Each structure stands twice: as C-alpha cells, then as structure tokens.
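If you're matching them up, the sequences are chains G and A in order. So in the entry's author numbering, the last one in the first sequence is 228, and the numbering has no gaps at all. So in the entry's author numbering, the last one in the second sequence is 228, and the numbering has no gaps at all. We treat Cβ as the ideally placed atom computed from N, Cα and C, and that holds for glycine. Single-structure report; data block below.
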Amino acid sequence: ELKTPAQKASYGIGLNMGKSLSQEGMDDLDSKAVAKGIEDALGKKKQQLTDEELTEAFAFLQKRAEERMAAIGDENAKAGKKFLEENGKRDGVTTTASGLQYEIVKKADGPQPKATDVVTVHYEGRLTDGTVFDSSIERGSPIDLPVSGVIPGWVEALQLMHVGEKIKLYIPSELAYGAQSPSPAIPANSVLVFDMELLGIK
Amino acid sequence: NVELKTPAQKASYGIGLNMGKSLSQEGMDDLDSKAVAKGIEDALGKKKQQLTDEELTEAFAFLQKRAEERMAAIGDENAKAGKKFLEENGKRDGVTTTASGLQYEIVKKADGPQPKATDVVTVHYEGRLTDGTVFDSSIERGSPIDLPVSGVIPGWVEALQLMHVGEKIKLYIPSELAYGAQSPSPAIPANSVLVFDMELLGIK
C-alpha cells in the first residue's frame, strides 16, 4: 500500500537502504525480518531478539561480507593471471620485462614521448569480462595527460609508442591499481585492457 | 509471524528495530513497515521502482518539515513530563534533592572512601527512562564497568562524589544535568530525565 505520502517516503527509505546494503554484500537481506522489527520498535513492543543476539549477528554479517570481498579479489587475481598467460603466448602480442602486453594496431615513425612530456591520447578502458569503465572515446573528447602523472602501465607504454600509433594495452594488476581498488567498477587485482592512440605530444 | 532464524534474519530484524527508534526520534512517527519492507524486495529483485525518483525526493523533503515541528513538540512534552516527575518524586519520603536539582535515594548505606573527580570507579548500574525503558544497563550486560568520573555526565560526577565505596543509590538526573535537548542516542529522547540504579563497587 503506497497510497500514504508517509508510505511514499517509507518505500523510498527501504528502496535506498536496500540498494545501499545490497552493494555491501548483504545479499541475505529478508524484508520480512526488518518489517516486524520496525513494527516492534513502532509499538514499543518487546524486542523479539535482545541487543546481545543482534550484536553477534551483525559481526557475522560483516565478516561474511569481508570474506566474500576477499574471495572476489582473490578469484579475480587468478583470472587475470590466466588471461595474461594465454594472451602473452598469442602471436602479435609483445610482453615487456614489466609484464605489460601490447599489440600494435597502427604503426608510425613519429617521435617517442618522454617522462617530462604531455600527450594528447584517446583511450577506452575495458576489463577481462569486457565491462567498459573509463572511455575518452565514449566521452567524445581527446584528453591531454602527463606521462609521469598516470598509472605505471601507461607510463611505460606511452614512451614505447610513437606519435600517431594505436595499440591495445593489457596492463597487469600490479602495474595499475593492484589489490587497492578504491575504484568501484574496477575490483581488486583486475587486469586493465585499454585501446590507446597517441594523437600527439602537446 | 516472522522467521528471525537465519543469522541474516536476526541482523535484518535489528536494522529495522533500530531504524524505527532512530526515525521516531527524527520526528518520523508516520513510517509504516508496509512500504519500507516492500522496498527491500523491490530493490533486491531489481524490480522497477513503483515511484519516480523525482516524486520520491519531493516527498522526503515534505516529511522533513512535518517531522521538524513534530520533534519540537515531542521534546517539549517530554520536558514538562520530566520536570513534573522530578517535582513529584522530590515530594516523596527518602528522596534528597540537591542544589543542582539532582534527587537521590540511598538504597544501601556505607562508610567507604568518597570518589575524587580524578579517580576511576568500578560501577554496576541500570539506566532507565521515566517510562521504565532501559537504555544502558551494566547489569543486563552482566559485568560491572570501570568508568572515569571526568568522562561521565555531570549528574553522575556530582552523585559519585557524594557516594561511598559499597554504597548503592537511586539517581533521578534532570535533563539539564544529563544529555538535555540534544539526543545523541536514539534510546534517550530530547529533554529526558534519566533514572539510574547505581552501586559503587570500588575505586581503581
């Protein structure tokens, strides 16, 4: 029953809260328990479960969620190691000493950038599962970026690239974000696949 | 009824329990589990929103102003009730009213040393509101707690200094000598007089 404007807000509160908690790995959220829980609080009714039981359950949910996130990154690490292993054996892919793998789409004899240079580049970041995270081509505009002010994977690749060249990048996790994934779309230990074109040196 | 069996269910229950009490002290008495529980199923199933996000935000702010005035009234009512409780309890025999307005009833007398403001004290207590609703009980937790006299609320500071080691007293702390109109805890509403059954086990 959403007729009441109070219930309009009630629905939204549950809607927003539900979405927020779901992302925290609390897939196991049954609206039934919360329903009566609120009702007991609303009617000053007795707590069907005292704070002691509630405290224990909360910690369990936290640890379970933490260990789910641990497994996600650990499985992602193994998946990314595998992708690079197979991609490295592929003909047309060059593996550098750092483990960076690159495949030249367009070749050029333009100048090579240096660490003290700013470069205009067009890029499309993707994942091993193909989920696109950050794309200059999707935003439609070329982006000027400094060689020393970017992820270590791009730093190395850009210096190898000549002006006008377009390559496919397969940056290992260690040469990018690593297990530190402040980025939500990019989980921990995620190998980044990038389509990079060195439009010019600014 | 409700499962409340899965450790997930137990936890989900208290999210709503605390949420009801939190929102009730946020002026939102109008909340009903009819739609908040529905919302959880809708969102988790990625089912389409039953209301446009734009209308949702407008309603939130609509209730915000309604709840604001509601909070002022609930607080003023609790204050008048509390001050009246204090006056009536002060008229009772065995209740000593101090200059700060604090009232105390010595349940168990003793001639132990008197705690200084710098001392830490081992105390077993049972905090309750005027309606008997408990908020913090060292007894329900089962274990006494060592608390600093400087850290505690001004009502406890004064009372403990008057107490002696071994003494058990009943406290009637006015809102002014406690949290007051500010309600940092949902269990303690605004302008709420606190009732405490305290025993001074010892001084650390």
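Residues of chain A whose Cβ lies closer than 8 Å to the Cβ of residue 31 of chain G are, in chain order, 83, 86, 87. As DSSP reads the structure, residue 222 of chain A sits in a beta bridge with A:149, A:193. With its beta carbon at least 8 Å from every one in chain G, residue 51 of chain A lies outside the interface.
In terms of beta-carbon proximity, residue 98 of chain A stays away from the interface with chain G, with every pair separated by 8 Å or more.
Residue 174 of chain A counts as exposed, since fewer than 16 other C-beta atoms from the protein chains shown sit within 10 angstroms of its C-beta. Among the CB atoms of chain G, none fall inside 8 Å of the CB of residue 170 of chain A.
Taken in chain order, the members of the region 31-45 of chain A whose beta-carbon sits within less than 7 Å of a beta-carbon on chain G are 31, 32, 33, 34, 35, 36, 37, 38, 39, 40, 41, 43, 44, 45.
Under the three-state reduction of DSSP, residue 176 of chain G is assigned to coil, being neither helix nor strand. When Cβ-Cβ separations below 8 Å define contact, residue 143 of chain G makes no contact with chain A.
Look at residue 92 of chain G: its C-beta is not under 8 Å from any C-beta on chain A.
Shown in chain order are the members of the region 52-74 of chain G whose Cβ falls below 7 Å from a Cβ of chain A: 54, 55, 56, 57, 58, 59, 60, 61, 62, 63, 64, 65, 66, 67, 68, 73, 74. Counting the other Cβ atoms within 10 Å of the Cβ of residue 39 of chain G gives 16 or more, which makes it buried. In chain G, no part has a C-beta under 9 Å from the C-beta of residue 181 of chain A; the shortest such distance is about 27 Å.
As computed with DSSP, residue 161 of chain G is found in a beta bridge with G:150. Apart from sequence neighbours up to five positions away, the residues of its chain that approach residue 176 of chain A with a beta-carbon distance below 8 Å are 184, ordered along the chain.
Contact between the region 43-61 of chain G and the region 96-114 of chain A is absent: fewer than 3 CB-CB pairs across the two stretches fall below 8 Å. Here residue 110 of chain A is not bridged, per DSSP, to any residue.
At least 8 Å separates the CB of residue 217 of chain A from every CB of chain G. Its chain contains 34, 37 as the residues whose beta carbon lies nearer than 7 Å to that of residue 28 of chain A, once the 5 sequence neighbours on both sides are disregarded; these appear in chain order. If you draw a 10 Å sphere on the C-beta of residue 102 of chain G, you find 16 or more other C-beta atoms in it, and that means buried. Among the CB atoms of chain G, none fall inside 8 Å of the CB of residue 78 of chain A.
With a cutoff of 8 Å on beta-carbon distance, residue 123 of chain A and residue 188 of chain A are scored as not near each other.
Among the residues facing chain G, residue 158 of chain A is not included, as its CB has no counterpart in that chain under 8 Å away.
Under the 10 Å beta carbon count, residue 163 of chain G is surrounded by fewer than 16 other beta carbons and is classified as exposed. Distance check between residue 96 of chain A and each of A:72, A:50, A:131 places A:50 closest, using alpha-carbon atoms only.
Leaving aside the five residues that flank residue 143 of chain G on each side, the residues in its chain whose CB is nearer than 6 Å to its CB run, in chain order, 173, 227. Taking 8 Å as the cut-off, the beta carbon of residue 225 of chain G is found closer than this to the beta carbon of residue 168 of chain G. By the Cβ neighbour-count rule, residue 209 of chain G is exposed, with fewer than 16 other Cβ atoms within 10 Å of its own.
In this chain, residue 127 of chain A is not harboured by any alpha helix (DSSP H); it is covered by the beta strand (DSSP E) spanning 127-132.
In the DSSP annotation of this structure, the continuous segment of the alpha helix (DSSP H) that includes residue 42 of chain A starts and ends at 31-48.
The secondary-structure analysis by DSSP pairs residue 75 of chain G with nothing; it has no beta-bridge partner. Among the CB atoms of chain G, one or more fall inside 8 Å of the CB of residue 27 of chain A. Closer than 8 Å to the CB of residue 48 of chain G there is at least one CB belonging to chain A. Taking a contact to require three or more Cβ pairs closer than 8 Å, the region 87-94 of chain A and the region 189-202 of chain A do not qualify as touching. Judged by DSSP secondary structure, residue 199 of chain G falls outside any alpha helix (DSSP H); it is assigned neither H nor E.
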